[PDB]
Amino acid sequence: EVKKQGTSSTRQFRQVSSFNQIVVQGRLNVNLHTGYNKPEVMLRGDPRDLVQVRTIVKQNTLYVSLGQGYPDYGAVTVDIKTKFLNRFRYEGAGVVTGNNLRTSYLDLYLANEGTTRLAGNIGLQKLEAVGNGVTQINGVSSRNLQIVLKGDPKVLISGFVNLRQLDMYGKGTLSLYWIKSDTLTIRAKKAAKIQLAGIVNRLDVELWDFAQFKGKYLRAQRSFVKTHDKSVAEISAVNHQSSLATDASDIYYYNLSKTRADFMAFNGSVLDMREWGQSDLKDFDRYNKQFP
Amino acid sequence: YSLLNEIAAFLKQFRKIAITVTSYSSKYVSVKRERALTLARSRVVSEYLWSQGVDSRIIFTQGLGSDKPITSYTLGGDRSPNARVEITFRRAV
Amino acid sequence: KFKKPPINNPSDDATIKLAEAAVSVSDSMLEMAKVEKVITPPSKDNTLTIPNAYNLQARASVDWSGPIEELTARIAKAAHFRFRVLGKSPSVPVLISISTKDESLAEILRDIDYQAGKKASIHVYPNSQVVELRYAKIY
Amino acid sequence: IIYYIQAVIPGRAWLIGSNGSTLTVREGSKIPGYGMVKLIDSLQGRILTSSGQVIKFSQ
Amino acid sequence: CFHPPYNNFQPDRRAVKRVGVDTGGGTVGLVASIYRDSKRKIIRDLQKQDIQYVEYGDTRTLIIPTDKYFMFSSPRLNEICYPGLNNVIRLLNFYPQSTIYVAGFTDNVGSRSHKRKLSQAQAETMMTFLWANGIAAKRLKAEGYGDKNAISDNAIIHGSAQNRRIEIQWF
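Residue numbers (this note's numbering), protein chains in the order written: chain A, 145 to 436; chain B, 581 to 673; chain C, 25 to 163; chain D, 975 to 1033; chain E, 44 to 214.
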């Protein structure tokens, strides 16, 4: 148990064996690179604490965390170069930057303010953010993805995602840029912000309280929407729309579907919310004229 | 619907050509929501009035939102006096 | 107890005979309209001549069985537009019959323009807020 | 060939063609058969091209 | 009490009102409640309205007339005939594991696309009304046929009236 006083940040080069999973703990910064050379790791830190910075390998893994306890360390920079990555775990108020990563499947686990950037083409099936962290991912091409959140993440994902289910009980904000799915089931419990856009064959939305679903620019052929007290949903149904508002909730549509069916229970309301000045606006038919 | 039946029974006593139904509300979230709400309210009211047997030729429906208030006291919601529906016509001959 | 669901009010044989005539009239019109559409495919729509704008989205339900000019003037006055007439009105009046329920004024004007046919035309200028009725250059 | 818009966002758009090939279009980019894109509308489904025609939604 | 427009999509407390009003007997009120909550009483009530019930083997079928349970030439649901719809929900509450098929049928008057669209719209409206009362979306499917497979003759008035219907089948 030693501190870092009296020592400044110095450059160190070290050699590491083969690893396929990285677990990093501590208030530090990680830079990732990808090449066809040997793997290596560079540990920029204080020479009193270069021994305390632990680079250990146990069964095709890499554990970069605190060694001999944590009396004090302020700044650690970990640059990494390898070939294959399959799991990434990050904890303890840090920064992660990586780009141009090619993979088949790997799992992110961010916890406790991991300010993270990925600027590659990562096909990931699972991802987890614990709480109070931002995440900006540019480029995801996966055939399956399941996201569940429990804390306060601020996460945005770009690419192509075949999402299947979504549950939120925390204070999360999530935005995906392009999706191409077949059946989505969205459940929002306490205070959620969801922003999707793409093509969905069948959509089911459940909002309980203080939840906002902005499913505008997400064109759904079949939509089932249920809103309970003080929740807002903005949908873009195309072929068949079925909506229910229970009590002091608001449902808005933005497209005139071929079949519309809306229900109101106590104080909820479903509104048209179109432009009225668009030059190609469409009127109701014999088959769409429902009077609220 | 009993009040709407009373209004329809009053309206059957005259001869007329055109009726106008206009809706006004108060400020809740924005202007688009209140204009859509007033248009939907006027549509439903005129739908029930046309379902009942008033002998008119044209019924016009509009919802103006909160553009034209009749009272400067704007503290209430739907309990405000300037949240209303208006039915105007002219007796013919 | 044995019952079958549709049990309505008793019917009249005059109404039965009128319905039997009307079904044959209806599918004769269906066959003739199908043949006419196959022979002559239309290529233009009156959306270009009659576009929509703000305060043309107020709605109306109308049952009118008279001339075109008074109804068009009432629609223009409800839409807060100026009304213009071009051409000479014919001695034999142009008669229309509209029976709709809860559709927009632009759709009302488009149905009136389609029912007018070769005798009169409807144009809408939204930048000057003018509804124009023009008569055909015939007689 | 002819293109129809599939999904739209402020900033870029997703297009599908007659042959079933996807495309991602920016504000400033070049696409075949239409020319240069000068405007992308988000409130209405309109993509204006340099040739003088608008890519809209399917019917 | 009871709200006539669908009771705000809440499960009605029908028994406690009867056993609270029949006290000034508790056993008499319990006997009346267990009589009026039975399946046969619901079937005979649906017989008092114009809804037909057919049971054959392990498949059950309800026949509902669109001429009384829908407004004219519209996919709008007639709100005056709400006891029949509430009894339909009460009867369907007894089978919480089966799957539901709803189908729409019209007569021969009109165009083919018009008949198909009207049947599809009525089937979607009835499926949405079933879904909004508690039934999950994965147990429902709606289909609208035209004058494809009728049950009576379309060249006669009463037989043509019998052909416009909504069919609800479950296992």
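A virtual CB, placed ideally from N, CA and C, is assigned to each residue, including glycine.
For residue i, which residues from the same chain have a beta carbon less than 8 Å from its beta carbon, with the 5 sequence-adjacent residues on both sides left out?
| i | result |
| --- | --- |
| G202/E | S195 and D196 |
| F163/A | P183, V201, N204, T205, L206 and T226 |
| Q92/E | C124, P126, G127 and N130 |
| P661/B | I650, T651 and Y653 |
| residue 167/C | For chain C, the structure presents residues 25 to 163; residue 167/C sits outside this window and is missing. |
| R198/A | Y207, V208, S209, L210 and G211 |
Looking at the C-beta of residue i, does it have a partner C-beta in chain C at a distance below 9 Å?
| i | result |
| --- | --- |
| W352/A | no |
| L425/A | yes |
| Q632/B | no |
| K402/A | no |
| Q422/A | yes |
| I200/E | yes |
State the beta-bridge partners of residue i as determined by DSSP.
| i | result |
| --- | --- |
| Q642/B | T602/B |
| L183/E | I143/E |
| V1011/D | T1023/D |
| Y159/C | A144/C |
| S387/A | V369/A and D406/A |
| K270/A | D251/A and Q290/A |
| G303/A | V284/A |
| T70/E | The partner list for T70/E (beta bridge, DSSP) is empty, contrary to what the question assumes. |
| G342/A | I323/A and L362/A |
| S209/A | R198/A |
| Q159/A | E184/A |
So is residue i buried or exposed if we call it buried at 16+ other beta carbons inside 10 Å?
| i | result |
| --- | --- |
| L173/E | buried |
| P66/C | exposed |
| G150/A | exposed |
| residue 686/B | No answer is possible for residue 686/B: it lies beyond the span of chain B, which begins at 581 and ends at 673. |
| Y99/E | exposed |
| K184/E | exposed |
| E94/C | exposed |
| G1007/D | exposed |
| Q1033/D | exposed |
| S152/C | exposed |
| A175/E | buried |
Shorter than 9 Å from the beta carbon of residue i to some beta carbon of chain D?
| i | result |
| --- | --- |
| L362/A | yes |
| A381/A | no |
| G342/A | yes |
| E419/A | yes |
Would residue i count as contacting chain B if we go by Cβ distances under 9 Å?
| i | result |
| --- | --- |
| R134/C | no |
| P215/A | no |
| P436/A | yes |
| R98/C | yes |
Would you say residue i reaches chain A, if we count a Cβ-Cβ gap shorter than 9 Å as a contact?
| i | result |
| --- | --- |
| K1012/D | no |
| residue 11/C | In the structure displayed, chain C extends from 25 to 163; residue 11/C sits before or after that span and is not available. |
| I1029/D | no |
| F148/E | no |
| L1017/D | yes |
| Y49/E | yes |
| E666/B | no |
| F52/E | yes |
| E167/E | yes |
Closer than 7 Å by C-beta to residue i: which residues in its own chain qualify, once you throw out the five before and the five after it? Chain order, please.
| i | result |
| --- | --- |
| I1014/D | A987, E1001 and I1021 |
| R623/B | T641 |
| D101/E | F214 |
| residue 437/A | This structure cannot settle anything about residue 437/A, because the visible part of chain A is limited to 145 through 436. |
Output needed for residue i: all residues of its chain with C-beta closer than 6 Å, excluding positions within five of it in sequence on either side, in chain order.
| i | result |
| --- | --- |
| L388/A | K370 and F407 |
| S367/A | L347, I379, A381 and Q385 |
| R98/C | none |
| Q632/B | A588 |
| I143/E | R182, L183 and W213 |
| residue 512/A | Since the first residue of chain A shown is 145 and the last is 436, residue 512/A is not available in this structure. |
From the beta carbon of residue i, is the nearest beta carbon of chain E less than 9 Å away?
| i | result |
| --- | --- |
| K143/C | no |
- Name, going along the chain, the residues of the stretch 66 to 90 of chain C whose beta-carbon falls closer than 7 Å to a beta-carbon of chain B. Result list: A82, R83, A84, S85, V86, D87 and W88.
- Item | Residues from the stretch 28 to 42 of chain C in contact with chain E, defined by Cβ distance under 8 Å | Answer in chain order: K28, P29, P30, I31, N32, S35 and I40.
- Check distances from the C-beta atoms of the stretch 45 to 66 of chain C to those of chain E and list, in chain order, the residues that come in under 8 Å. Correct list: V47, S50 and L54.
- Message: Tell me which residues of the stretch 598 to 619 of chain B have at least one Cβ-Cβ distance to chain A shorter than 9 Å, keeping chain order.
- Response: Within the stretch 598 to 619 of chain B, the residues whose Cβ lies closer than 9 Å to any Cβ of chain A are, in chain order, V609, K612, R613, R615, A616, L617 and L619.
- Taking a cut of 7 Å between CB atoms, which residues from the stretch 639 to 657 of chain B lie near chain C? If the cut-off is 7 Å between Cβ atoms, the stretch 639 to 657 of chain B has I639, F640, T641 and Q642 near chain C.
- Residues of the stretch 85 to 111 of chain E with Cβ closer than 8 Å to any Cβ of chain C, in chain order: Cβ contacts with chain C: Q90, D93, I94, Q95, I106, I107, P108, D110 and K111.
- the stretch 116 to 132 of chain C: which residues have C-beta closer than 9 Å to a C-beta of chain A, in chain order? Of all residues in the stretch 116 to 132 of chain C, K125, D126, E127, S128, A130 and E131 have a Cβ within less than 9 Å of some Cβ in chain A.
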